Visitor: 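The structure follows.
These numbers come from the heavy atoms of this one structure, side chains and all, not from hydrogens, waters or symmetry mates. Naming: A, B, ... by sequence-line order, numbering from 1 per chain. Order of appearance sets the numbers: ligands from 1, and atoms from 1 within every ligand.
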Amino acid sequence: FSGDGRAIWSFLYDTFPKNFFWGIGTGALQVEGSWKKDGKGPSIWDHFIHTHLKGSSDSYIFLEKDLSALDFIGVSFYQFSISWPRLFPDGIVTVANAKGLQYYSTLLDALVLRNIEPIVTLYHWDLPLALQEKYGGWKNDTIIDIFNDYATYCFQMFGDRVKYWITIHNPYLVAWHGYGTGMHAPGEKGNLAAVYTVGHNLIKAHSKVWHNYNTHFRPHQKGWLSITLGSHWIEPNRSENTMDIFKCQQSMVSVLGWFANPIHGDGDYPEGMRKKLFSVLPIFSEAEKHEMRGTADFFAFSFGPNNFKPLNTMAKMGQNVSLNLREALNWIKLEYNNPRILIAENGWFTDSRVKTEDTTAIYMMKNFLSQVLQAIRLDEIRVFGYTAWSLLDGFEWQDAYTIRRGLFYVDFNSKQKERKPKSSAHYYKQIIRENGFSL
Amino acid sequence: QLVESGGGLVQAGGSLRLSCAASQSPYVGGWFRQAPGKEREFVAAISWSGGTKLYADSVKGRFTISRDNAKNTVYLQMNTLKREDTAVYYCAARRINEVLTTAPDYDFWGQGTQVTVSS
Ligand SMILES: *[C@@H]1O[C@H](CO)[C@@H](O[C@@H]2O[C@H](CO)[C@@H](O)[C@H](O)[C@H]2NC(C)=O)[C@H](O)[C@H]1NC(C)=O
Ligand SMILES: *[C@@H]1O[C@H](CO)[C@@H](O)[C@H](O)[C@H]1NC(C)=O
């Protein structure tokens with residue numbers, strides 16, 4: 001329950017639970033390229049890259065190469081996102097872009113053929129520019145119905161093949177960097193009222209889509225739907241200091257509790273936020289609280305560099321930033337009453353000059369996975385799957401191509417964009433084969 | 001499964017609201033019409049959640065489509081009616097949440113309701 005995580009602040013295992021669910025993920029803007037090919041409409045990131053920044057993986061034209069990389073790793077699932085403006089170029093559900101539909105349908109067919117489970121993310125930051133220009137995007141509560149219409153079409157066209165759905169990837173960053181820091185599209189700065197209005201509409205849009213899925217599609221399709229929430233971790237500078245511990249709790253509440261309390265908790269924002277942020281935080285009606293709570297069939301958790309870098313991504317409140325994924329999972333278990341957890345994104349990054357010998361990625365993966373195994377076996381945390389991030393090198397948002405996060409290397413100056421397994425691809429392949437660390 | 005209501009006689013410049021009640025999954029609600037001597041033509045349609053409303057050019061800015069899913073009803077508010085709006089109006093439905101203007105893409109149809117606009 002709300003506040004219980006504060007208690008957390010006061011290689012023993014090789015093999016994961018039998019038939020643990022191993023996977024890997026991408027986002028559409030990071031890997032697809034072909035930003036206006038075949039009638040795809042522009043996203044807010046297409047516009048942002050032109051204004052604020054100065055082909056990528058070409059996944060749109062190299063589907064068979066991505067599939068071969070997935071086969072090499074041997075994953076049981078592949079998380080990817082659908083580019084909304086590739087499917088509906090103006091965001092509204094007028095005539096679908098047939099080549100966009102064909103791409104996602106062919107990808108899903110290829111996964112089903114391989115008995116690889118798709119995990120499909122509806123929104124990974126690429127809002128159709130038409131919705132931003134006409135309404136102000138997520139600032140406008142008209143977005144809730146427009147998003148639900150898009151979700152509805154996706155459930156109808158893809159839900160017989162897709163059994164795991166994610167509405168929104170890391171809504172914290174959508175709101176906070178999109179409208180607070182300006183570091184992400186659409187690049188608005190200050191406007192703290194907009195930050196929390198955007199967060200409010202993301203939560204309400206998510207809830208509407210969960211209720212849509214629960215009522216209209218789950219009975220025949222028998223799948224699961226969640227939302228990927230990201231966080232950092234943090235530790236007190238002075239272990240016995242109750243003020244440092246309180247600030248650690250406030251830090252986690254400010255990033256993760258903001259979105260998880262309404263969806264996974266009691267249906268309302270964290271009480272401390274509702275008071276200090278009273279002039280900017282929208283108020284859930286009593287009817288809305290009942291509709292926000294319980295709108296996630298599992299807890300999807302992101303723990304990666306986007307929640308640590310750059311420095312303005314979150315408030316440390318004078319404490320000590322930590323990469324302790326085991327403790328972060330314990331915080332989730334305590335705050336949100338021991339839910340089933342998918343690690344929907346985990347990994348780190350290298351400088352782009354590191355091509356295939358990504359030794360630090362293996363070091364990070366070993367430590368993260370050991371922490372997950374300890375969380376499962378010592379803390380009884382209900383982690384059922386792990387998404388390595390990312391399948392291949394791509395465009396990394398404001399960092400562009402200056403960092404790499406793929407398990408497969410891509411030479412962006414090569415026309416063929418061959419996916420070359422890095423050291424971490426060989427390592428993760430063996431992890432999956434042995435269901436954990438080598439025996 | 002689809003039941004129109006609200007047709008009838010009205011004077012030129014007047015208003016009429018048509019409604020279409022379903023009997024119960026999501027659907028796009030559509031309206032078509034057929035005038036004497038002419039083929040059935042698209043009028044307006046609305047997505048499941050109401051975010052996408054589409055109108056034939058001949059009625060854009062005069063007709064307004066809306067829906068109340070709690071009542072399983074789609075509404076067509078027809079204002080500034082003209083003589084050439086006289087027709088049998090058919091409501092229609094399409095399951096896939098994609099708002100199209102083509103009659104072959106709607107697989108559920110009503111019986112039709114006469115609307116007559118005088119001068
Ligand atoms: C959401 O988008 C709508 C549509 O653009 C906005 O409504 C317009 O608001 C302006 C300024 O207030 C008016 O001049 C227009 O007549 C409105 N058009 C409508 C209602 O169709 C609305 O302001 C936006 N809401 C937010 C919170 O940004
Ligand atoms: C707590 O420790 C971190 C890491 O050393 C440091 O950056 C921060 O300034 C410390 N807090 C205070 C209040 O000094």
Visitor: Checking contacts now, so for atom 8 (C) of ligand 1, which I'm interested in, is there any protein heavy atom under 4.0 Å?
Guide: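 There is no protein heavy atom less than 4.0 Å from atom 8 (C) of ligand 1.
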
Visitor: So which protein heavy atom does atom 4 (C) of ligand 1 come closest to, and at what separation?
Guide: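 Here the closest protein heavy atom is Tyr135(A) CD2, 3.9 Å.
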
Visitor: Measure across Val354(A) and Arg404(A) and return the closest heavy-atom pair with its distance rounded to 0.1 Å.
Guide: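 Nearest pair, atom of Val354(A) first, then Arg404(A): O-CD, 3.4 Å.
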
Visitor: Taking the six-membered ring where the residue is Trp, are the ring centres of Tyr172(A) and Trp258(A) under 6.0 Å apart?
Guide: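 Centroid distance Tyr172(A)-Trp258(A): below 6.0 Å, so yes.
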
Visitor: Is the distance from the ring center of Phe368(A) to that of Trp348(A) below 6.0 Å?
Guide: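 No, the ring centres sit 6.0 Å or more apart.
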
Visitor: Within 4.0 Å of atom 9 (O) of ligand 2 (strictly less), any protein heavy atom?
Guide: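 No, no protein heavy atom sits under 4.0 Å from atom 9 (O) of ligand 2.
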
Visitor: For ligand 2, which atoms have a heavy atom of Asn320(A) less than 4.0 angstrom away?
Guide: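 Heavy-atom distances to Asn320(A) below 4.0 Å select 4 (C).
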
Visitor: Can you tell me how the ring of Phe147(A) sits relative to the ring of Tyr123(A), calling it parallel under 30°, perpendicular over 60° and tilted otherwise?
Guide: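 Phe147(A) vs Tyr123(A) ring planes: perpendicular.
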
Visitor: Among all the protein's heavy atoms, is there at least one whose distance to atom 18 (N) of ligand 1 comes out below 4.0 Å?
Guide: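 Flag for atom 18 (N) of ligand 1 set to false, no protein heavy atom closer than 4.0 Å.
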
Visitor: Among all protein heavy atoms, pick out the one at the shortest distance from atom 5 (O) of ligand 1; state its residue, atom name and that distance to 0.1 Å.
Guide: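 Checking every protein heavy atom, the shortest distance to atom 5 (O) of ligand 1 gives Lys134(A) O, 3.2 Å.
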
Visitor: Taking the inter-plane angle between the rings of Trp397(A) and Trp125(A) on a 0 to 90° scale, is it parallel (under 30°), tilted (30 to 60°) or perpendicular (over 60°)?
Guide: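 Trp397(A) and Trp125(A): tilted rings.
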
Visitor: Less than 4.0 Å between atom 15 (C) of ligand 1 and some protein heavy atom, yes or no?
Guide: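 When distances to the protein are checked, atom 15 (C) of ligand 1 has no heavy atom within 4.0 Å.
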
Visitor: Could any protein non-hydrogen atom be found less than 4.0 Å from atom 1 (C) of ligand 1?
Guide: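 Neighbour list for atom 1 (C) of ligand 1 includes protein heavy atoms (cut-off 4.0 Å).
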
Visitor: Return the closest protein heavy atom for atom 2 (O) of ligand 2 as residue, atom name and distance.
Guide: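 For atom 2 (O) of ligand 2, the nearest protein heavy atom is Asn237(A) ND2, 2.4 Å.
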
Visitor: Below 4.0 angstrom, counting only protein heavy atoms, does anything approach atom 28 (O) of ligand 1?
Guide: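 Under the 4.0 Å cut-off, atom 28 (O) of ligand 1 does have protein heavy-atom neighbours.
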
Visitor: Counting the benzene-type ring for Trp, do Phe48(A) and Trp45(A) have ring centres under 6.0 Å apart?
Guide: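 Yes, the ring of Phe48(A) comes within the 6.0 Å limit of the ring of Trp45(A), centre to centre.
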
Visitor: Are any non-hydrogen protein atoms located under 4.0 Å from atom 24 (C) of ligand 1?
Guide: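 Within 4.0 Å: yes, protein heavy atom nearby.
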
Visitor: What residue and atom, counting heavy atoms only, is the protein's closest point to atom 7 (O) of ligand 2, and at what distance?
Guide: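 Here the closest protein heavy atom is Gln319(A) O, 4.8 Å.
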
Visitor: Have a look at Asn140(A), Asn201(A), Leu131(A) and point out the one with the heavy atom closest to atom 6 (C) of ligand 1.
Guide: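 It is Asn140(A) that holds the nearest heavy atom.
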
Visitor: Below 4.0 angstrom, N of the basic side chain to O of the carboxylate: do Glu32(A) and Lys40(A) qualify?
Guide: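 Looking at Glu32(A) and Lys40(A), the cut-off is not met.
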
Visitor: Does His184(A) have its ring centroid less than 6.0 Å away from the ring centroid of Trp138(A)?
Guide: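 Ring-ring flag for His184(A)/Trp138(A): false, centres at least 6.0 Å apart.
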
Visitor: State whether the number of non-hydrogen atoms from other residues, nucleotides or ligands found under 6.0 Å of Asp351(A) atom CG is greater than 12.
Guide: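 Yes, because the 6.0 Å sphere around CG of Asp351(A) holds more than 12 heavy atoms from other groups.
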
Visitor: Any idea which atoms of ligand 2 are less than 4.0 Å away from a heavy-atom of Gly318(A)?
Guide: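 Answer for ligand 2: 1 (C), 10 (C), 11 (N), 12 (C), 13 (C).
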
